[PDB]
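Accompanying notes for the structure given below.
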Amino acid sequence: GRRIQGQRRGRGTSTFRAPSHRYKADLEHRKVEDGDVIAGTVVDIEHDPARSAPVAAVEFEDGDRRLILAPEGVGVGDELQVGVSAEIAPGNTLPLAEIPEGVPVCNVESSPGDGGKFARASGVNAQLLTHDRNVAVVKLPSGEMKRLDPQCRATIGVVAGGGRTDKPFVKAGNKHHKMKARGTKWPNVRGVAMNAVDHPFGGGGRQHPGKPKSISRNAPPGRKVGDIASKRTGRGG
Amino acid sequence: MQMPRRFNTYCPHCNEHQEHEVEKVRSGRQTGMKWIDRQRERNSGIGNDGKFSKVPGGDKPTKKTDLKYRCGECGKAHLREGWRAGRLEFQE
Amino acid sequence: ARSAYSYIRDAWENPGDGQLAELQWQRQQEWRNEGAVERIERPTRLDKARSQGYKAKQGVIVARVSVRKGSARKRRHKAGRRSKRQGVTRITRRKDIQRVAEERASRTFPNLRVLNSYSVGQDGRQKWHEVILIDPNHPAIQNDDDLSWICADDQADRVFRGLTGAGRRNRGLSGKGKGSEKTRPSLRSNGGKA
Amino acid sequence: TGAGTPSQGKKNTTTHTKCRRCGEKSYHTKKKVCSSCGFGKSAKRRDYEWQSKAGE
RNA sequence: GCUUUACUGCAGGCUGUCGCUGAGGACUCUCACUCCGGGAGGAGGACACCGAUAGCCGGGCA
RNA sequence: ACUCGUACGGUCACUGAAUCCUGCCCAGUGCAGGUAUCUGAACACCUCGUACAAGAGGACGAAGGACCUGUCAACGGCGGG
RNA sequence: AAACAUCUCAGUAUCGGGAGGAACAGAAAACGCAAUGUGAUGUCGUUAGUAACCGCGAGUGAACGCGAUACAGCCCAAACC
Ligand SMILES: [Cl-]
Ligand SMILES: [Cl-]
Ligand SMILES: [Cl-]
Ligand SMILES: [Cl-]
Ligand SMILES: [K+]
Ligand SMILES: [Mg+2]
Ligand SMILES: [Mg+2]
Ligand SMILES: [Mg+2]
Ligand SMILES: [Mg+2]
Ligand SMILES: [Mg+2]
Ligand SMILES: [Mg+2]
Ligand SMILES: [Mg+2]
Ligand SMILES: [Mg+2]
Ligand SMILES: [Mg+2]
Ligand SMILES: [Mg+2]
Ligand SMILES: [Mg+2]
Ligand SMILES: [Mg+2]
Ligand SMILES: [Mg+2]
Ligand SMILES: [Mg+2]
Ligand SMILES: [Mg+2]
Ligand SMILES: [Mg+2]
Ligand SMILES: [Mg+2]
Ligand SMILES: [Mg+2]
Ligand code: NA
Ligand code: NA
Ligand code: NA
Ligand code: NA
Ligand code: NA
Ligand code: NA
Ligand code: NA
Ligand code: NA
Ligand SMILES: [Sr+2]
Ligand SMILES: [Sr+2]
Ligand SMILES: [Sr+2]
Ligand SMILES: [Sr+2]
Ligand SMILES: [Sr+2]
Ligand SMILES: [Sr+2]
Ligand SMILES: [Sr+2]
Ligand SMILES: [Sr+2]
Ligand SMILES: [Sr+2]
Ligand SMILES: [Sr+2]
Ligand SMILES: [Sr+2]
Ligand SMILES: [Sr+2]
Ligand SMILES: [Sr+2]
Ligand SMILES: [Sr+2]
Ligand SMILES: [Sr+2]
Ligand SMILES: [Sr+2]
């Protein structure tokens, strides 16, 4: 047959690319030698096209002006700190080791110094649970207990823009506008609605997959469609 | 059908009638060193392997007698045409 | 008595034992960080180099080249093929890696001509060979009784036509009798069946 | 809108132009590659054995 | 052209084994190698990646 | 490529606004998990064979299968008496 | 091959790289008319559709030698300096 849409994606052609030339900045934590003698002032709150959430522009002591992944409750004028000795307040960054247990955090690094990988989406947060000299235990937004190096840096508080998901798009046109700001091909044509040549589910008088949807993990690209390695399906049981 | 385990008949070796013992021919084990075995290895590779990609044929509803006739005095055996027989049980 | 050279030779018969073993373990760390073709002031295996024609003289160059290990890196058929011509994974190329190495080296030094080459080991993902190249335009060589032959016009780009020792071996030209019916005088003249 | 006559009216783009190297009007001014001699693509001149019958 | 529990194969995924690969049926270590870090250094570690091969799945493809 | 993205994410599918609802079936097929025992290739190992080698057999046994379990808003099914 | 998968078409078409006036080969770790024999290498005639291969099907297919053409044999590495 013909390659399915999932396969066209990988080629990274314009249709499937993200509007990167329009994206603002990479919100990675600052790199500090040590001492925490790094503080800056929030000079402005901006809209981040890539995340549909707000970001804050900060002017640091040493003259560096950079955008930062802002938690909820940060405003212009406010002073932020980044370092081992940073103060324990919303909007401040410091290694998990310095963070008191039971404190919601965001933009958590996976490997100390990577700039932040976890909990960066609208209104989300990781929950610092356990401390130690060898391992910091964090509860990520998905509910998973993640063991991290206590040297992994993070920002106190939850990500701004929470609740974004609580309101329905209502119109196709609204989805449309959001989609234009992401690396995604939209709208979506169902596999069952295509010709046999275009998808495993295509073909047949009436629409219906002519096979079970739960596909094996070992299936090759082009065939891995539907419910991938489902451990179960439905709502029952 | 029934078959006598031993009986008097012609032994082409002694060249005279003598008692023979009848036995079903047991398959001899292969060595894997015949020419055909070497050709299979040489000609099998990537993709279809011609004759070496074919698999075991079928079965006739009934098979023919497959027996050995052993002379009771010179100890040598001879073979004979077989005849279709659903079953072949020896007597004694 | 034994030449000092024989000791280098003898060391390399078992590159995985003795001091040579520790040298390789050390060196390869540096080699893995070098480029595809690195010129070197002196041969790592002197005995072999001199044996292959090397000389400490102007116009003589040595370069270490690395190549990825394994079989062919081929793309599966996009058009119809019979089972036989659908193979992709176990199909290997007809030129050995040493030959590929000699060619890359010669491309890097367009004006030089490949004289010979030898192996200097490998790790799990690549192989290294050192190649001796000669400057056919330098008088120190145009006047050398043992190397001036490589200055002739018909020796130009010799490596690309399989005129190298590795080239000739790879073309099945070693045997002068049985087995060379389709290799001599050329693979091509014999319909490419060797 | 038909693919024929009505769609021919929209054609006013300049693509292939006289090539600096070979003189043929085959230099694609958008690709900056000559479809006839290969200029802009290769130093060597564009050539193929299929441009003639196999045994000639 | 299309389909599939048609025939025969081919990609691909899983898995064992051999090489890369080191020291003291379960284990410690560091030196290759990998990853994080601007750097110091940190994490991991003879595994993983990669080469070779074996078994299984394999209309994704011929 | 996704991705200047990180689960309030984005990938793969099905249904197709709101409203009231969405029953029974895990035997077969699919997916996933488990698995005492059974089955399960190659290398190495052991026996036989060969002054060697081919080869025959053995022991060990991964995934997989047998077997067990979960799962239908998974393929689908919901009859005759 | 009266289908077709090994095989065939064929190392052909076509593609990448490269030299010359011609290329390439070439002074035996050869041959093995087994010899008290030949003596670098191309090529031509023959050996021969022979040996060999092959769903042992269709088809594929040499060599040594011999008669010719032309003939030509040398240089390093190391030992010792
Ligand atoms: Cl969305
Ligand atoms: Cl019988
Ligand atoms: Cl060259
Ligand atoms: Cl002779
Ligand atoms: K064919
Ligand atoms: Mg960022
Ligand atoms: Mg878009
Ligand atoms: Mg749709
Ligand atoms: Mg339709
Ligand atoms: Mg239709
Ligand atoms: Mg399909
Ligand atoms: Mg439907
Ligand atoms: Mg001399
Ligand atoms: Mg010729
Ligand atoms: Mg990196
Ligand atoms: Mg098909
Ligand atoms: Mg519908
Ligand atoms: Mg509809
Ligand atoms: Mg035919
Ligand atoms: Mg062939
Ligand atoms: Mg036939
Ligand atoms: Mg042929
Ligand atoms: Mg011969
Ligand atoms: Na063969
Ligand atoms: Na060159
Ligand atoms: Na061959
Ligand atoms: Na069921
Ligand atoms: Na025919
Ligand atoms: Na046909
Ligand atoms: Na055949
Ligand atoms: Na004679
Ligand atoms: Sr980043
Ligand atoms: Sr970075
Ligand atoms: Sr369908
Ligand atoms: Sr239910
Ligand atoms: Sr073969
Ligand atoms: Sr095969
Ligand atoms: Sr039958
Ligand atoms: Sr050239
Ligand atoms: Sr229209
Ligand atoms: Sr019109
Ligand atoms: Sr126009
Ligand atoms: Sr170009
Ligand atoms: Sr050309
Ligand atoms: Sr509805
Ligand atoms: Sr089931
Ligand atoms: Sr002569």
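First the proteins, then the strands, lettered A, B, ... as listed; each starts at 1. FYI, side chains are in, hydrogens and waters are out, and symmetry mates aren't considered; it's all heavy atoms of this structure.
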- Task: For each nucleotide in nucleotides 37-55 of chain G, reading 5' to 3', give B when a protein heavy atom comes within less than 4.0 Å of its base, S when such contact involves only the sugar-phosphate, and - otherwise.
- Result: ---SSSS----------SS

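- Between the P atom of F:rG70 and the CZ atom of A:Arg232 lies a distance of 11 Å, rounded to the nearest Å.
- Side-chain proximity of C:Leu163 to the nucleotides G:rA13, F:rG10, G:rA25 is greatest for G:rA25.
- Closest to the A:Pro221 side chain, of the nucleotides E:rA62, F:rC75, E:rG12, is E:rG12.
- Anti is the conformation of F:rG55, whose glycosidic angle sits further than 90° from 0.
- When heavy atoms are screened at a 4.0 angstrom cut-off, C:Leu147 is found touching no nucleic acid atom at all.
- Taking atom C1' on both G:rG42 and G:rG11, the two are 23 Å apart, rounded to the nearest angstrom.
- Nearest to the side-chain atoms of A:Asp227 among the listed nucleotides G:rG26, F:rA13, F:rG30 stands F:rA13.
- Rounded to a whole angstrom, the distance from the P atom of F:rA62 to that of F:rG23 is 43 Å.
- The side chain of C:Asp146 sits closest to G:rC75 out of E:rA11, G:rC75, G:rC31.
- In terms of heavy-atom proximity, A:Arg120 sits nearest to A:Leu69 at CB-CD2, 3.5 Å.
- Among the heavy atoms of the strands lying under 4.0 Å from C:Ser71 are primed sugar atoms or P, OP1, OP2 only; no base atom is included.
- Remark: the A:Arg51 side chain and the F:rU3 base include no donor-acceptor N/O pair separated by less than 3.5 Å.
- At the heavy-atom level, A:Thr233 lies under 4.0 Å from base atoms of the strands shown.
- Nucleotides F:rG10 and F:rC60 have their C1' atoms positioned 46 Å apart, rounded to a whole Å.
- In this structure, A:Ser20 reaches the bases: a heavy-atom distance under 4.0 Å links it to at least one base atom across the strands shown.
- In this structure, C:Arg85 does not reach the E:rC10 phosphate: none of its side-chain N or O atoms is under 4.0 Å from OP1 or OP2.
- Comparing G:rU6, F:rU11, G:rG20 by their closest approach to the side chain of B:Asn48 singles out G:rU6.
- Counting only heavy atoms from C-beta on, C:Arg73 has its side chain closest to E:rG51 among G:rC15, G:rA62, E:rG51.
- Counting any heavy atom pair closer than 4.0 Å across all strands shown, A:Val124 reaches a base atom.
- Closest approach to the C:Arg90 side chain among E:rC36, G:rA62, E:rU53 is made by E:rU53 (side chain taken as heavy atoms from C-beta onward).
- At a threshold of 4.0 angstrom between heavy atoms, the contacts of A:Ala53 with the nucleic acid are absent.
- Heavy atoms of other residues, nucleotides or ligands lying less than 6.0 angstrom from NZ of A:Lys139 number 12 at most.
- In this structure, A:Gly163 and A:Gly12 both approach RNA chain F, and ranking their closest nucleotides by distance from the 5' end singles out A:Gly12.
- Residue-level contact check: A:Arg164 touches the bases, meaning some heavy atom is under 4.0 Å from a base atom.
- A Watson-Crick or G-U wobble pair links G:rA30 to G:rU38, both relevant atom distances lying under 3.5 Å.
- Rounded to an integer number of Å, the gap from NZ of C:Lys84 to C1' of G:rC4 is 17 Å.
- B:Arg29 comes within contact range of the sugar-phosphate backbone alone, with a heavy-atom separation under 4.0 Å but no base atom that close.
- For F:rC31, the paired nucleotide is F:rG70, the pair qualifying as Watson-Crick or G-U wobble because both relevant distances are below 3.5 Å.
- Residue A:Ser214 is classed as a base contact, given a heavy-atom separation below 4.0 Å to a base.
- Nucleotides F:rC45 and F:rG58 satisfy the base-pair criterion: a Watson-Crick or G-U wobble arrangement whose two donor-acceptor distances both fall under 3.5 Å.
- In this structure, F:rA51 forms no base pair with F:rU35 under the Watson-Crick or G-U wobble definition at 3.5 Å.
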- Query: Does the side-chain hydrogen bond (donor to acceptor under 3.5 Å, both in side chains) test come out yes or no for C:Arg113 and C:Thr164, once each step is laid out?
  - Reply: CA-CA 10 Å; C:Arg113 297 175 180 178; C:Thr164 276; over 6 Å; no

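- A salt bridge between B:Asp37 and B:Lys34 is absent, with no side-chain N of the basic residue lying under 4.0 Å from a carboxylate O of the acidic one.
- Among the atoms of the strands shown, only primed sugar atoms or phosphate atoms (P, OP1, OP2) are found under 4.0 Å from some heavy atom of A:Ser111.
- In this structure, D:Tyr48 reaches the sugar-phosphate backbone alone: every heavy-atom distance under 4.0 Å involves primed, P, OP1 or OP2 atoms, never a base.
- At the heavy-atom level, C:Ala1 lies under 4.0 Å from the strands shown only through sugar-phosphate atoms.
- Counting non-hydrogen atoms under 4.0 angstrom, A:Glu28 reaches nothing in the nucleic acid.
- Among the atoms of the strands shown, only primed sugar atoms or phosphate atoms (P, OP1, OP2) are found under 4.0 Å from some heavy atom of A:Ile215.
- Across the protein-nucleic acid pair, C:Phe160 atom CZ and G:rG17 atom P stand 11 Å apart, rounded to whole Å.
- Between the side chain of C:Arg76 and the base of E:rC10, a donor-acceptor pair under 3.5 Å is found.
- In F:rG61 the base sits syn relative to the sugar, since the glycosidic angle is no further than 90° from 0.
- Within 6.0 Å of CD on B:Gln30 lie no more than 12 heavy atoms contributed by other residues, nucleotides or ligands.
- Nucleotides of RNA chain E nearest to A:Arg3 and B:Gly47 differ in position, and the one nearer the 5' end is that of B:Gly47.
- Between A:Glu109 and A:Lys117 there is no side-chain heavy-atom pair separated by less than 4.5 Å.
- Under the 5.5 Å and 30° stacking definition, the step from F:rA54 to F:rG55 does not qualify as stacked.
- A cation-pi contact, defined as under 6.0 Å to the ring centre and within 45° of the axis, links A:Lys175 to A:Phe169.
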- Show your working on side chain to side chain contact (heavy atoms under 4.5 Å, CB included) between B:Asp49 and B:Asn43 and close with a plain yes or no. CA-CA 7 Å; B:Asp49 305 314; B:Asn43 298 3; over 6 Å; no

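- Per the geometry, CD belonging to C:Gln86 stands 9 Å off P belonging to G:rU6, to the nearest Å.
- Remark: P of F:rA56 and CG of B:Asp37 are 9 Å apart, rounded to the nearest angstrom.
- Position along RNA chain E of the nearest nucleotide to C:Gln29 versus C:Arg81 favours C:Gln29 as the more 5'-ward residue.
- Of the candidate nucleotides G:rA5, F:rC14, E:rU3, F:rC14 has the atom nearest to the side chain of A:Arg190.
- Residue-level groove analysis places A:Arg223 in the major groove, using a cutoff of less than 5.0 angstrom between side-chain heavy atoms and groove-facing base atoms.
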